[PDB]
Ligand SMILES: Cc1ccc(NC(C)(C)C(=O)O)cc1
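Let's start with one chain on its own, the form deposited without this ligand, as structure tokens.
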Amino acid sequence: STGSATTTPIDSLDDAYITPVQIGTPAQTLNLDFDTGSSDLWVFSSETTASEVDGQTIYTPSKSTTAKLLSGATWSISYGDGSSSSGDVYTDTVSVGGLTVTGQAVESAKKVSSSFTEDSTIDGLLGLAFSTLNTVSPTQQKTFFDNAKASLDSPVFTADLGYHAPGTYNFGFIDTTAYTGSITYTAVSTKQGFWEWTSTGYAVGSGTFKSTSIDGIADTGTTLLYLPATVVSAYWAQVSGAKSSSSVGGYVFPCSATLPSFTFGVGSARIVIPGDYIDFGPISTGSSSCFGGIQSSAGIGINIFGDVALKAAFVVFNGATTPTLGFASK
């Protein structure tokens, strides 16, 4: 089997991408944030505290003839940005782009933190990291991909995120028309539960490539590119007037600037992030200070190849017995 679904930016900055997902019988379609940095499929629901729902579409398990309470199971998650959610668990039928999994754990939120409530465009998350990170207790549950894997034509999914435009998530096949050149594959460590890999270096603009190992994670659920402070300083030094602002929370730059590109290495191959992709717009409405899309990871504990980086590439998440990642230009 295969599936193919379009993923759409939630706003004009590509802050996140939403993909429609069919849950239950008859289908309830919710727009979920596909997140290769986590491993829970959780949704706003009829059980979510009413004051914490503000415009999201909810899953109502009592209206699904295939929903079953997973007795005794609870979940609770905290994300790298400080947000969180928790609740109980149903199993139900879940379909993405024509690919159907029966018995998928659907984690129903009883509580969500304010950042989720305040974003009416995201109805929940669909985790695509390794199932070892799933938070369901006392019986850990499998991701949608893990459940689908055995049925897929090939045990892979691909992320093709657009710049200021829709893109595609495919399951079970590589669309050879979706990229240019060849795909370069690179080793993955699953020891922390992430799609963790080592970039071979970077360049700023037209500058020379610096060969250096940068370990990090491919994370579709993080907006920006978070890299070591040395690398980030080298980038922003090429933008007149750019500076790190403790009060804003990162590097800012004059909105009048033209940003240089940023290149990262995948083996001997190179992925170029155009300068435009690094502009996240005014820090507040009407400001001439703009927020940068490359930020320091120093306070995180891990480097993160988020959407800024991934949307410059066609990305293969190869879930074979020994997983690997592939990157192609497009």
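The first residue of the sequence shown is number 1, and the count goes up from there.
We do not show the form deposited with this ligand bound, though everything after this point is about it.
Colleague: Quick check: do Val106, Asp175 and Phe314 each get a heavy atom within 4.5 Å of this ligand in the entry with it bound?
Modeller: Result no, not one residue of the spot touches this ligand.
Colleague: In the entry with it bound, does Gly80 have a heavy atom within 4.5 Å of this ligand?
Modeller: Result yes; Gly80 sits at the interface with this ligand in the entry with it bound.
Colleague: Using the partner position in the entry with it bound, report whether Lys210 sits within 4.5 Å of this ligand, counting heavy atoms only.
Modeller: So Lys210 counts as contacting this ligand.
Colleague: Would you check, heavy atoms only and a 4.5 Å threshold, whether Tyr179 touches this ligand in the entry with it bound?
Modeller: Judged by the heavy-atom cut-off of 4.5 Å, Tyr179 is well away from this ligand in the entry with it bound.
Colleague: Against this ligand in the entry with it bound, would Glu52 count as a contact residue? Criterion: heavy atoms within 4.5 Å.
Modeller: Because no heavy atom of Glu52 falls inside 4.5 Å of this ligand in the entry with it bound, the answer is no.
Colleague: Are there residues in 224-252 with a heavy atom within 4.5 Å of this ligand in the entry with it bound, and which are they, in order?
Modeller: Sequence-ordered list: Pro228, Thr230, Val231.
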